[PDB]
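Peer 1: First the structure, which I've put down as structure tokens, then a few questions once you've had a look.
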Amino acid sequence: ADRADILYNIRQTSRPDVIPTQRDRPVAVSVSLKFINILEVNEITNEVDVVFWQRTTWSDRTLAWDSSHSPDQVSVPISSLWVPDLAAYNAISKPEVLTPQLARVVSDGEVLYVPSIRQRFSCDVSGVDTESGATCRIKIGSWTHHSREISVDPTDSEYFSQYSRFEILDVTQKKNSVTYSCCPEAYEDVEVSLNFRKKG
Amino acid sequence: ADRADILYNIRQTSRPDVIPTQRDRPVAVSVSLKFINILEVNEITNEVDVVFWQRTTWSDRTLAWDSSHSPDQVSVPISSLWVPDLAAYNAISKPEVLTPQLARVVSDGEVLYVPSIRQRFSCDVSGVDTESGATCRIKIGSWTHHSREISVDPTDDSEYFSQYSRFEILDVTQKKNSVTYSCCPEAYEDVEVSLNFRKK
Amino acid sequence: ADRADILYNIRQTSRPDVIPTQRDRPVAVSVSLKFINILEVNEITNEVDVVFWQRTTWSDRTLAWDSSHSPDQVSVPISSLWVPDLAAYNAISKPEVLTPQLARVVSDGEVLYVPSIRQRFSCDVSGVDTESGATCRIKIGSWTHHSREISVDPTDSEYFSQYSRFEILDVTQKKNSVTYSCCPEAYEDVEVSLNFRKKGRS
Amino acid sequence: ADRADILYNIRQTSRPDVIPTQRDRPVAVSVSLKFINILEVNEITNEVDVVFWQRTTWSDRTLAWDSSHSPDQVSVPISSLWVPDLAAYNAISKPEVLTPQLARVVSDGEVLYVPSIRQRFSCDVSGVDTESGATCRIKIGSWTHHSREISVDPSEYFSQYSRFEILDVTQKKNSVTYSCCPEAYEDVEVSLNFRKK
Amino acid sequence: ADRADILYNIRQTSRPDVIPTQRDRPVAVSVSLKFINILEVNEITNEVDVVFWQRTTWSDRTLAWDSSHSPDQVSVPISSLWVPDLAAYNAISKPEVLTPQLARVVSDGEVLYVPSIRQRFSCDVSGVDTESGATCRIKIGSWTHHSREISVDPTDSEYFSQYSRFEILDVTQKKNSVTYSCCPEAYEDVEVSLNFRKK
Ligand SMILES: O=C(/N=c1\ccccn1Cc1ccc(Cl)nc1)C(F)(F)F
Ligand SMILES: O=C(/N=c1\ccccn1Cc1ccc(Cl)nc1)C(F)(F)F
Ligand SMILES: O=C(/N=c1\ccccn1Cc1ccc(Cl)nc1)C(F)(F)F
Ligand SMILES: O=C(/N=c1\ccccn1Cc1ccc(Cl)nc1)C(F)(F)F
Ligand SMILES: O=C(/N=c1\ccccn1Cc1ccc(Cl)nc1)C(F)(F)F
């Protein structure tokens, strides 16, 4: 089988609107942000405009194929796959995806999607012009799938632009969960704590 | 039946362009705003820029399925369902939907859609910098369906409000109301949401 | 017949791409603006940013159905119907439609479409900070259908925001026509004259 | 045949991705700009923001019909037709089409498309505040079709409310050749001479 | 064969979502920028806004045809072809494509795509107001295809606007590769070094 055959079989099997739960097990989604740039910071409005690679992985075992004598990976448009409905709870702009909207699918059904995103957040910008810096917390989880359907798991300056006016002191990525006043269900999130300051 | 079968059945039965009226009853739509952020306020132009969760529910009994031995809820793209044609009568920008455009459909045909919306409004910002604050009224109802076709009913004010806003919420009231246009006798139902807020 | 049947039959019969001319008659389009808000005014550049309800009506007899024992109206997405190709001749931005893009179709084939539009115009803003105010003229007609294919007919503060910095002194809506030096065809328009000023002047 | 029949046959016949060359001839595209407004000018950055009607005509004879006893012209969405791939070589923004994206198709296969475009250009703004004014040159031609495939040939509607006025508009045939390749690309060079009032 | 027959063959054969690899060879993509304009430069934020023609070529030999007695080129919408998933690694805005999204397909299966792009970058703007000027480095390569699937190869003021406030001192285009600390795979790129200054 060649790449054309692998993509045809993915198109025949993939259900982009169906979460690929295995044994009524939650889909385990791994989310990890790599900060690339901090573009605009407003300490009076508590708003930041950031660029980050949102490294996202999960398994869809329905997409698996035998790769003994075939490619074991292909690039696929995300419109052909199920993708987790992740949202940043303190976002104040829609995610601007800067890069081609392609995922990698491995022959075992593992999916990797790493969009470069520019987005604006409401977060604590107090202290940005001090030595100890600001700590801006970004919360990302499923918008519509509670913890029985999607679980979110985490995994500093390595890809950060050396040309930014700002620098990263530390990034922490911690598992958390949100429950709503109405309903029993918990929604999982990753809390990403970006400690940064203006360069001296 | 699995999630795939539920979504296939929704695609076979859903009529996104047909209001799901049962007998000749109006569709009962519940609308409730949770304020998340107040980003900009202009006392001279009487304009506010806000982020809110618009919690919207209704019933479409054509979508119902037997869930004795299947999932009793699924996430569905709103493009596959009928959605009420709600509009904010005093909006001065298009609603910017920040979140994935997915609804939850329950096996009894109940639908929940909770978009996070950033939008700008024309409303009374007088008193915003005083202790008693401003009261900004936002009117949301059906644009094209009168009260025989759609009825709109309302349901801690600060529980999800950003601590990083320059503003704080004193009170939110959500009241039933109706608009009638000069030209005809038909009444359009709305919820009037009164946001009493002030500068910190 | 239920609403589903009416919409299915509209989808079967409606030709969104075909102007519904009856006999060899122009389609009679009624256009009427209700001003809701005046957002930004620049007296140096002569530009205004306004929100208005563009009340639009016409008849498409191909859509008609027997409603003796069925609903006599439905809401329909505009993508399923023919809609007049109206444009503002002095617009300097695309019309931003703020509302659901649904029309009402009555069982006699009458169509009503009332989008809330935010749009920017090049017009006379001189005098906005005077007692007599500015008069900004907006011209709306068919972009591509001349007067033998589409005729445009008209029909003040009732829906204007009380919270605007501006007040409306008067709105007049007058029938007009444009002819191009090139070609014989006359294009009908409505000329909407918005006379407004800043509130609270000395 | 009624309007519905003419539009159905246009939809059945039209090849939006195929240049409608007749014989071995280039498609003859006529382009003429009518300036409506000059909105912003920057003498330091040499940038202008302008509104113009881009009057564009060509022939697609495959669309022709007998109109002895039928309408001679119909409005068609451009997404149903072949349209020349015109670009402004010195544009620094995407063309913003302000008007309904409909062309007129005549029963002989002539096509007319007149979008109202707002667009920003890099051009000579020096002298805008003088009596003799600035001359901003806009070059428009096929991006991907050379002169064997497409040939390009060339104040009444200018807003009285602009803070600028038009002294003169010249529209001259020209061609661009790339150092890489033999192919010549035809263009119209539009010289807009304008000044602050 | 007429143009319609050539395009119908392309539309039937082209697989827009499938990289056209020959055997287990990478697809060899050529990328070359021609700078047209430098519009905004911010020495405090280290941001530039630029317009460039991104000349992009590759081969898809499945598309080839006999042109002895037919056109040897046609214009095709990129939505009907495979196109390399190129991205600028230091971009801070989406690429704004200013031109029609058409590629040329040549009868030997060579494909040429030359979009005019306006885009904003994070790069070194220090020295822009000096005689020696700033050097802004732009990295462009495959976002999702490593060096076994796509190889990227390069190939000065000739098309640069005389009306810019800036002028080009030099452009160098060098082959490079990026590796991620996660995985063995190398991703090929072109590093374009734009040396420019205020006039
Ligand atoms: O982590 C990885 N790739 C990164 C990481 C950061 C930035 C870019 N890429 C390349 C890449 C790989 C796959 C997909 Cl779907 N999208 C992008 C690696 F090595 F796994 F490919
Ligand atoms: O109200 C609820 N969820 C909220 C409330 C506020 C913000 C987010 N969500 C999660 C959510 C659930 C379902 C849908 Cl369709 N959209 C979003 C609850 F609890 F009922 F799920
Ligand atoms: O004019 C009318 N409605 C108005 C007038 C102004 C603003 C809103 N609406 C509601 C409405 C009704 C139907 C359609 Cl298609 N679009 C909007 C009325 F009452 F005649 F329907
Ligand atoms: O300039 C011209 N027409 C204008 C100019 C401005 C506004 C309207 N029209 C009419 C018109 C006719 C046909 C097409 Cl496809 N598009 C528009 C003309 F007629 F010369 F082509
Ligand atoms: O390099 C070339 N053309 C250029 C070079 C720079 C700018 C524009 N064009 C025209 C052109 C040709 C083909 C394609 Cl797909 N897209 C555009 C040439 F001559 F080889 F076609």
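Ligands are numbered from 1 in the order shown, chains are lettered A, B, ... in the order of the structure tokens, and residues start at 1 in each chain.
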Please identify which residues in region 9-195 of chain E DSSP calls helix (DSSP H, G or I) from the backbone, and express them as a PyMOL selection string.

Peer 2: chain E and resi 9-13+61-63+78-80

Peer 1: Those residues you just picked out, can you put them in a file as a PDB file, in the first residue's frame with C-alpha atoms?

Peer 2:
ATOM      1  CA  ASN E   9      -6.376  14.833 -16.970  1.00  0.00           C
ATOM      2  CA  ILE E  10      -4.737  16.808 -14.096  1.00  0.00           C
ATOM      3  CA  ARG E  11      -8.025  16.898 -12.064  1.00  0.00           C
ATOM      4  CA  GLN E  12      -8.529  13.100 -12.573  1.00  0.00           C
ATOM      5  CA  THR E  13      -4.871  12.239 -11.670  1.00  0.00           C
ATOM      6  CA  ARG E  61       5.527  13.520 -13.199  1.00  0.00           C
ATOM      7  CA  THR E  62       2.073  11.765 -12.983  1.00  0.00           C
ATOM      8  CA  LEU E  63       0.633  15.039 -14.460  1.00  0.00           C
ATOM      9  CA  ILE E  78      -3.930  25.211  -6.263  1.00  0.00           C
ATOM     10  CA  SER E  79      -6.980  23.452  -4.734  1.00  0.00           C
ATOM     11  CA  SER E  80      -6.680  20.871  -7.619  1.00  0.00           C
TER      12      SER E  80
END

Peer 1: Within 9 Å of ligand 5, which residues show up when you count only C-alpha atoms and all ligand atoms? List them as a VMD selection string, please.

Peer 2: (chain D and resid 89 142 to 146 176 to 185) or (chain E and resid 34 53 to 57 75 to 76 99 to 105 111 to 116 159)

Peer 1: Since we have the selection now, will you write its residues out, keeping N, CA, C and O atoms, as a short mmCIF file (atom, residue, chain, number, x, y, z; two decimals), in the first residue's frame?

Peer 2:
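In the end it all went to again.cif:
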data_model
loop_
_atom_site.label_atom_id
_atom_site.label_comp_id
_atom_site.auth_asym_id
_atom_site.auth_seq_id
_atom_site.Cartn_x
_atom_site.Cartn_y
_atom_site.Cartn_z
N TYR D 89 0.31 44.70 -9.57
CA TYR D 89 1.69 44.25 -9.24
C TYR D 89 2.21 45.02 -8.01
O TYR D 89 3.05 44.47 -7.31
N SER D 142 -2.49 39.94 -15.97
CA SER D 142 -2.61 38.52 -15.62
C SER D 142 -1.41 38.16 -14.78
O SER D 142 -0.30 38.53 -15.09
N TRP D 143 -1.64 37.42 -13.71
CA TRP D 143 -0.55 36.98 -12.83
C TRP D 143 0.12 35.79 -13.50
O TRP D 143 1.35 35.70 -13.43
N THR D 144 -0.66 34.85 -14.06
CA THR D 144 -0.11 33.53 -14.49
C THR D 144 -0.24 33.26 -16.00
O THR D 144 0.24 32.17 -16.42
N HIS D 145 -0.90 34.11 -16.77
CA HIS D 145 -1.08 33.90 -18.23
C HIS D 145 -0.27 34.93 -18.99
O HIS D 145 -0.58 36.10 -18.90
N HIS D 146 0.71 34.48 -19.78
CA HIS D 146 1.54 35.36 -20.63
C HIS D 146 0.73 35.78 -21.86
O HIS D 146 -0.46 35.39 -21.99
N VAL D 176 5.33 43.27 -18.80
CA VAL D 176 6.41 42.89 -17.86
C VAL D 176 7.02 41.58 -18.38
O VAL D 176 6.26 40.66 -18.76
N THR D 177 8.34 41.50 -18.42
CA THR D 177 9.08 40.23 -18.67
C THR D 177 9.92 39.97 -17.42
O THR D 177 10.37 40.95 -16.78
N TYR D 178 10.06 38.70 -17.07
CA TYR D 178 10.84 38.29 -15.89
C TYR D 178 12.21 37.81 -16.40
O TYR D 178 12.27 37.11 -17.44
N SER D 179 13.27 38.23 -15.70
CA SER D 179 14.69 37.86 -15.94
C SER D 179 14.83 36.35 -16.17
O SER D 179 15.64 35.97 -17.03
N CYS D 180 14.06 35.53 -15.45
CA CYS D 180 14.00 34.04 -15.57
C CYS D 180 13.72 33.58 -17.02
O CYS D 180 14.50 32.71 -17.50
N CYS D 181 12.65 34.07 -17.67
CA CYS D 181 11.91 33.33 -18.74
C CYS D 181 11.60 34.24 -19.92
O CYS D 181 11.56 35.47 -19.78
N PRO D 182 11.33 33.65 -21.11
CA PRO D 182 11.09 34.43 -22.33
C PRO D 182 9.75 35.20 -22.26
O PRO D 182 9.69 36.31 -22.77
N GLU D 183 8.77 34.60 -21.57
CA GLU D 183 7.34 34.99 -21.55
C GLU D 183 7.22 36.46 -21.12
O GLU D 183 7.83 36.84 -20.08
N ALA D 184 6.44 37.21 -21.88
CA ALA D 184 5.95 38.57 -21.54
C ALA D 184 4.53 38.48 -20.98
O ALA D 184 3.68 37.75 -21.55
N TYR D 185 4.26 39.24 -19.91
CA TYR D 185 2.94 39.35 -19.24
C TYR D 185 2.43 40.75 -19.55
O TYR D 185 3.15 41.70 -19.23
N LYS E 34 11.61 36.79 -3.69
CA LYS E 34 11.96 38.10 -4.29
C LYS E 34 11.25 39.15 -3.44
O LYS E 34 9.99 39.13 -3.36
N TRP E 53 7.44 37.82 -3.33
CA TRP E 53 7.02 36.73 -4.24
C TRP E 53 7.74 35.48 -3.79
O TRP E 53 8.99 35.49 -3.70
N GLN E 54 6.97 34.48 -3.41
CA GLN E 54 7.54 33.20 -2.97
C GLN E 54 7.54 32.23 -4.16
O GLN E 54 6.56 31.48 -4.35
N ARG E 55 8.61 32.24 -4.93
CA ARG E 55 8.71 31.38 -6.12
C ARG E 55 8.96 29.95 -5.64
O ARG E 55 9.97 29.70 -4.95
N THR E 56 8.02 29.05 -5.95
CA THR E 56 7.99 27.68 -5.44
C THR E 56 7.85 26.73 -6.62
O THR E 56 6.93 26.92 -7.41
N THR E 57 8.71 25.72 -6.72
CA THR E 57 8.65 24.73 -7.82
C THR E 57 8.90 23.33 -7.27
O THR E 57 9.67 23.11 -6.31
N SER E 75 -2.59 27.05 -16.48
CA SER E 75 -2.84 27.61 -15.14
C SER E 75 -3.88 26.74 -14.47
O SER E 75 -4.87 26.46 -15.11
N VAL E 76 -3.62 26.29 -13.24
CA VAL E 76 -4.50 25.39 -12.47
C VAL E 76 -4.72 25.99 -11.07
O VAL E 76 -3.75 26.38 -10.43
N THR E 99 -2.39 37.53 -4.49
CA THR E 99 -2.53 37.23 -5.93
C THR E 99 -3.46 36.04 -6.12
O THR E 99 -3.69 35.21 -5.22
N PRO E 100 -3.96 35.83 -7.35
CA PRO E 100 -4.76 34.64 -7.65
C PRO E 100 -3.99 33.37 -7.28
O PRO E 100 -2.79 33.20 -7.65
N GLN E 101 -4.70 32.45 -6.64
CA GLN E 101 -4.14 31.17 -6.17
C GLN E 101 -4.10 30.13 -7.30
O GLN E 101 -4.80 29.10 -7.21
N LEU E 102 -3.29 30.40 -8.32
CA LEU E 102 -3.12 29.53 -9.50
C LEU E 102 -1.65 29.17 -9.58
O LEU E 102 -0.78 30.03 -9.36
N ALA E 103 -1.39 27.91 -9.92
CA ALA E 103 -0.08 27.39 -10.25
C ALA E 103 -0.02 27.18 -11.75
O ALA E 103 -1.09 27.11 -12.42
N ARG E 104 1.19 27.11 -12.29
CA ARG E 104 1.42 26.65 -13.67
C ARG E 104 1.87 25.20 -13.63
O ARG E 104 2.80 24.88 -12.88
N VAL E 105 1.25 24.38 -14.47
CA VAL E 105 1.72 22.98 -14.65
C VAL E 105 2.29 22.89 -16.05
O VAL E 105 1.60 23.30 -17.00
N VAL E 111 5.71 21.92 -11.68
CA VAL E 111 4.67 22.82 -11.13
C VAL E 111 5.38 24.06 -10.57
O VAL E 111 6.39 23.90 -9.85
N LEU E 112 4.84 25.22 -10.89
CA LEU E 112 5.37 26.53 -10.46
C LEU E 112 4.21 27.27 -9.79
O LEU E 112 3.14 27.33 -10.39
N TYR E 113 4.43 27.74 -8.56
CA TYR E 113 3.46 28.56 -7.79
C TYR E 113 4.23 29.76 -7.22
O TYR E 113 5.29 29.59 -6.62
N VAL E 114 3.77 30.95 -7.54
CA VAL E 114 4.45 32.23 -7.19
C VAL E 114 3.43 33.16 -6.54
O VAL E 114 3.00 34.14 -7.12
N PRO E 115 3.00 32.89 -5.30
CA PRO E 115 2.10 33.82 -4.63
C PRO E 115 2.89 35.05 -4.16
O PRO E 115 4.03 34.91 -3.74
N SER E 116 2.26 36.23 -4.25
CA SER E 116 2.73 37.45 -3.60
C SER E 116 2.15 37.44 -2.19
O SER E 116 0.93 37.34 -2.03
N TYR E 159 13.16 43.51 -8.29
CA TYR E 159 11.69 43.74 -8.22
C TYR E 159 11.31 44.57 -6.98
O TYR E 159 10.11 44.72 -6.70
#

Peer 1: Could you please select, counting only C-alpha atoms, the residues of chain C within 8 Å of chain B and state them as a PDB file with N, CA, C and O atoms, in the first residue's frame?

Peer 2:
ATOM      1  N   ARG C   3     -44.084  22.705   8.052  1.00  0.00           N
ATOM      2  CA  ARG C   3     -43.002  23.655   7.702  1.00  0.00           C
ATOM      3  C   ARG C   3     -41.935  22.939   6.877  1.00  0.00           C
ATOM      4  O   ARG C   3     -41.395  23.569   5.927  1.00  0.00           O
ATOM      5  N   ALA C   4     -41.619  21.692   7.242  1.00  0.00           N
ATOM      6  CA  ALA C   4     -40.590  20.893   6.539  1.00  0.00           C
ATOM      7  C   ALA C   4     -40.983  20.790   5.056  1.00  0.00           C
ATOM      8  O   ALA C   4     -40.111  21.089   4.195  1.00  0.00           O
ATOM      9  N   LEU C   7     -40.558  24.190   3.228  1.00  0.00           N
ATOM     10  CA  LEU C   7     -39.140  24.476   2.935  1.00  0.00           C
ATOM     11  C   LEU C   7     -38.634  23.501   1.865  1.00  0.00           C
ATOM     12  O   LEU C   7     -37.936  23.954   0.957  1.00  0.00           O
ATOM     13  N   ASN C  37     -27.782  53.366  14.810  1.00  0.00           N
ATOM     14  CA  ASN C  37     -26.638  53.948  15.512  1.00  0.00           C
ATOM     15  C   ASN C  37     -25.698  54.584  14.503  1.00  0.00           C
ATOM     16  O   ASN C  37     -25.625  54.181  13.272  1.00  0.00           O
ATOM     17  N   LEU C  39     -21.726  55.484  14.642  1.00  0.00           N
ATOM     18  CA  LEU C  39     -20.668  54.972  15.550  1.00  0.00           C
ATOM     19  C   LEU C  39     -19.440  55.876  15.490  1.00  0.00           C
ATOM     20  O   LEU C  39     -18.774  56.023  16.518  1.00  0.00           O
ATOM     21  N   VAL C  51     -24.886  51.825  11.715  1.00  0.00           N
ATOM     22  CA  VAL C  51     -25.709  50.593  11.837  1.00  0.00           C
ATOM     23  C   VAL C  51     -27.141  50.927  11.450  1.00  0.00           C
ATOM     24  O   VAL C  51     -27.707  51.930  11.990  1.00  0.00           O
ATOM     25  N   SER C  75     -39.517  31.086   7.949  1.00  0.00           N
ATOM     26  CA  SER C  75     -38.175  31.709   7.888  1.00  0.00           C
ATOM     27  C   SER C  75     -37.311  30.816   7.005  1.00  0.00           C
ATOM     28  O   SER C  75     -37.344  29.623   7.213  1.00  0.00           O
ATOM     29  N   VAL C  76     -36.601  31.387   6.035  1.00  0.00           N
ATOM     30  CA  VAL C  76     -35.783  30.620   5.051  1.00  0.00           C
ATOM     31  C   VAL C  76     -34.387  31.244   4.974  1.00  0.00           C
ATOM     32  O   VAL C  76     -34.274  32.480   4.904  1.00  0.00           O
ATOM     33  N   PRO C  77     -33.286  30.442   4.902  1.00  0.00           N
ATOM     34  CA  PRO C  77     -31.956  31.022   4.713  1.00  0.00           C
ATOM     35  C   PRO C  77     -31.912  31.704   3.343  1.00  0.00           C
ATOM     36  O   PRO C  77     -32.495  31.163   2.391  1.00  0.00           O
ATOM     37  N   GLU C  96     -21.368  44.650   6.641  1.00  0.00           N
ATOM     38  CA  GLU C  96     -21.250  43.627   7.700  1.00  0.00           C
ATOM     39  C   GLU C  96     -22.657  43.320   8.213  1.00  0.00           C
ATOM     40  O   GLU C  96     -23.266  44.155   8.901  1.00  0.00           O
ATOM     41  N   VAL C  97     -23.174  42.138   7.897  1.00  0.00           N
ATOM     42  CA  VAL C  97     -24.515  41.709   8.357  1.00  0.00           C
ATOM     43  C   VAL C  97     -24.410  41.194   9.784  1.00  0.00           C
ATOM     44  O   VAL C  97     -23.646  40.253  10.021  1.00  0.00           O
ATOM     45  N   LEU C  98     -25.111  41.831  10.725  1.00  0.00           N
ATOM     46  CA  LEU C  98     -24.940  41.530  12.163  1.00  0.00           C
ATOM     47  C   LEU C  98     -25.926  40.434  12.583  1.00  0.00           C
ATOM     48  O   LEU C  98     -25.715  39.864  13.617  1.00  0.00           O
ATOM     49  N   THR C  99     -26.949  40.141  11.800  1.00  0.00           N
ATOM     50  CA  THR C  99     -28.092  39.302  12.219  1.00  0.00           C
ATOM     51  C   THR C  99     -28.137  37.994  11.439  1.00  0.00           C
ATOM     52  O   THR C  99     -27.547  37.883  10.374  1.00  0.00           O
ATOM     53  N   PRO C 100     -28.920  37.024  11.891  1.00  0.00           N
ATOM     54  CA  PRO C 100     -29.129  35.799  11.108  1.00  0.00           C
ATOM     55  C   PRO C 100     -29.620  36.104   9.695  1.00  0.00           C
ATOM     56  O   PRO C 100     -30.565  36.894   9.514  1.00  0.00           O
ATOM     57  N   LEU C 102     -31.647  35.190   7.382  1.00  0.00           N
ATOM     58  CA  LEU C 102     -32.933  34.521   7.148  1.00  0.00           C
ATOM     59  C   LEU C 102     -33.883  35.566   6.603  1.00  0.00           C
ATOM     60  O   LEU C 102     -33.910  36.714   7.135  1.00  0.00           O
ATOM     61  N   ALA C 103     -34.672  35.177   5.610  1.00  0.00           N
ATOM     62  CA  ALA C 103     -35.809  35.975   5.119  1.00  0.00           C
ATOM     63  C   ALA C 103     -37.117  35.336   5.617  1.00  0.00           C
ATOM     64  O   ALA C 103     -37.109  34.117   5.937  1.00  0.00           O
ATOM     65  N   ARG C 104     -38.210  36.097   5.590  1.00  0.00           N
ATOM     66  CA  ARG C 104     -39.568  35.522   5.741  1.00  0.00           C
ATOM     67  C   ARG C 104     -40.219  35.411   4.373  1.00  0.00           C
ATOM     68  O   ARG C 104     -40.218  36.398   3.612  1.00  0.00           O
ATOM     69  N   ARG C 118     -23.822  46.947   9.541  1.00  0.00           N
ATOM     70  CA  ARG C 118     -22.800  47.944   9.867  1.00  0.00           C
ATOM     71  C   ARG C 118     -21.944  48.196   8.638  1.00  0.00           C
ATOM     72  O   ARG C 118     -21.427  47.239   8.056  1.00  0.00           O
ATOM     73  N   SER C 161     -30.694  54.511  18.597  1.00  0.00           N
ATOM     74  CA  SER C 161     -30.261  54.357  20.003  1.00  0.00           C
ATOM     75  C   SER C 161     -30.371  55.724  20.726  1.00  0.00           C
ATOM     76  O   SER C 161     -29.796  56.713  20.217  1.00  0.00           O
ATOM     77  N   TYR C 163     -28.699  56.248  23.225  1.00  0.00           N
ATOM     78  CA  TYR C 163     -27.373  56.314  23.879  1.00  0.00           C
ATOM     79  C   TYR C 163     -26.295  56.818  22.943  1.00  0.00           C
ATOM     80  O   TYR C 163     -25.193  57.083  23.449  1.00  0.00           O
ATOM     81  N   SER C 164     -26.583  56.937  21.652  1.00  0.00           N
ATOM     82  CA  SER C 164     -25.677  57.565  20.667  1.00  0.00           C
ATOM     83  C   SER C 164     -25.356  58.997  21.142  1.00  0.00           C
ATOM     84  O   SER C 164     -26.187  59.609  21.731  1.00  0.00           O
ATOM     85  N   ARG C 165     -24.158  59.475  20.846  1.00  0.00           N
ATOM     86  CA  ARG C 165     -23.676  60.866  20.972  1.00  0.00           C
ATOM     87  C   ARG C 165     -24.399  61.732  19.927  1.00  0.00           C
ATOM     88  O   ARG C 165     -24.240  62.991  19.951  1.00  0.00           O
TER      89      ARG C 165
END

Peer 1: Quick one, how far is CA of residue 95 (chain A) from CA of residue 127 (chain A)?

Peer 2: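 Between these atoms lies a distance of 25.8 Å.
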
Peer 1: Which residues are near ligand 2 - at most 6 Å, using only C-alpha atoms and all ligand atoms? Format: as a ChimeraX atom specification.

Peer 2: /A:143-144,180,182-183 /B:103-104,112-114

Peer 1: Would you save the residues from that selection as a PDB file, in the first residue's frame, using C-alpha atoms?

Peer 2:
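result31.pdb, freshly written:
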ATOM      1  CA  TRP A 143     -15.378  22.899  25.610  1.00  0.00           C
ATOM      2  CA  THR A 144     -18.131  20.238  25.259  1.00  0.00           C
ATOM      3  CA  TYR A 180     -20.124  24.099  36.527  1.00  0.00           C
ATOM      4  CA  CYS A 182     -25.475  23.582  37.110  1.00  0.00           C
ATOM      5  CA  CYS A 183     -24.071  20.081  36.457  1.00  0.00           C
TER       6      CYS A 183
ATOM      7  CA  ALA B 103     -23.893  21.621  20.821  1.00  0.00           C
ATOM      8  CA  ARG B 104     -24.788  18.769  23.203  1.00  0.00           C
ATOM      9  CA  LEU B 112     -27.584  22.676  24.866  1.00  0.00           C
ATOM     10  CA  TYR B 113     -25.352  25.233  23.042  1.00  0.00           C
ATOM     11  CA  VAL B 114     -23.023  27.487  25.124  1.00  0.00           C
TER      12      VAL B 114
END

Peer 1: Please write out the residues within 9 Å of ligand 1 as a PyMOL selection string, counting only C-alpha atoms and all ligand atoms.

Peer 2: (chain A and resi 34+53-57+75-76+99-105+111-116+159) or (chain E and resi 89+142-146+178-187)

Peer 1: Would you work out the distance separating CA of residue 39 (chain B) from CA of residue 95 (chain C), expressed in Å to one decimal?

Peer 2: 25.4 Å

Peer 1: Using only C-alpha atoms, pick whichever of C:158, C:85, C:60, C:110 has the shortest atom-to-atom distance to chain D.

Peer 2: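 For chain D, the nearest of the given residues is C:85.
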
Peer 1: Within 7 Å of residue 151 (chain A), counting only C-alpha atoms, which residues qualify if same-chain residues fewer than 6 places away don't, as a PyMOL selection string?

Peer 2: chain A and resi 26-29+188

Peer 1: Those residues you just picked out, can you put them in a file as an mmCIF file, in the first residue's frame with N, CA and C atoms?

Peer 2:
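The resulting file, selection_10.cif, is reproduced below:
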data_model
loop_
_atom_site.group_PDB
_atom_site.id
_atom_site.type_symbol
_atom_site.label_atom_id
_atom_site.label_comp_id
_atom_site.auth_asym_id
_atom_site.auth_seq_id
_atom_site.Cartn_x
_atom_site.Cartn_y
_atom_site.Cartn_z
ATOM 1 N N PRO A 26 -12.420 7.404 28.214
ATOM 2 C CA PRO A 26 -12.150 8.742 27.689
ATOM 3 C C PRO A 26 -11.018 8.692 26.662
ATOM 4 N N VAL A 27 -11.046 9.606 25.684
ATOM 5 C CA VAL A 27 -9.892 9.818 24.775
ATOM 6 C C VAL A 27 -8.870 10.634 25.562
ATOM 7 N N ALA A 28 -7.645 10.138 25.670
ATOM 8 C CA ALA A 28 -6.535 10.796 26.394
ATOM 9 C C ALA A 28 -5.889 11.754 25.392
ATOM 10 N N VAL A 29 -6.052 13.033 25.639
ATOM 11 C CA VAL A 29 -5.485 14.095 24.792
ATOM 12 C C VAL A 29 -4.343 14.723 25.544
ATOM 13 N N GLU A 188 -11.969 18.601 32.137
ATOM 14 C CA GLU A 188 -10.514 18.624 32.422
ATOM 15 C C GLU A 188 -9.886 19.809 31.695
#

Peer 1: Name the residues in contact with residue 40 (chain A) at a cut-off of 12 Å, using only C-alpha atoms, excluding same-chain residues fewer than 3 positions from it; report them as a PyMOL selection string.

Peer 2: (chain A and resi 37+43+45-51+118-121+125+128+164-166+198) or (chain E and resi 44-45+47+92)

Peer 1: Neighbours of region 22-27 of chain D within 12 Å (only C-alpha atoms; same-chain residues fewer than 4 positions away dropped), as a PyMOL selection string?

Peer 2: (chain D and resi 18+57-62+82-85+109-111+142+145-153+185-186) or (chain E and resi 2-3+69-71)

Peer 1: Can you tell me how far CA of residue 150 (chain C) sits from CA of residue 27 (chain C), in Å to one decimal?

Peer 2: 4.8 Å

Peer 1: Can you tell me which residues surround region 169-181 of chain C at a distance of at most 7 Å, considering only C-alpha atoms, apart from same-chain residues fewer than 3 positions away, and format the answer as a list in words?

Peer 2: residues 153, 154, 156, 185, 186, 187, 188, 189, 190, 191, 192, 193, 194, 195 and 196 of chain C
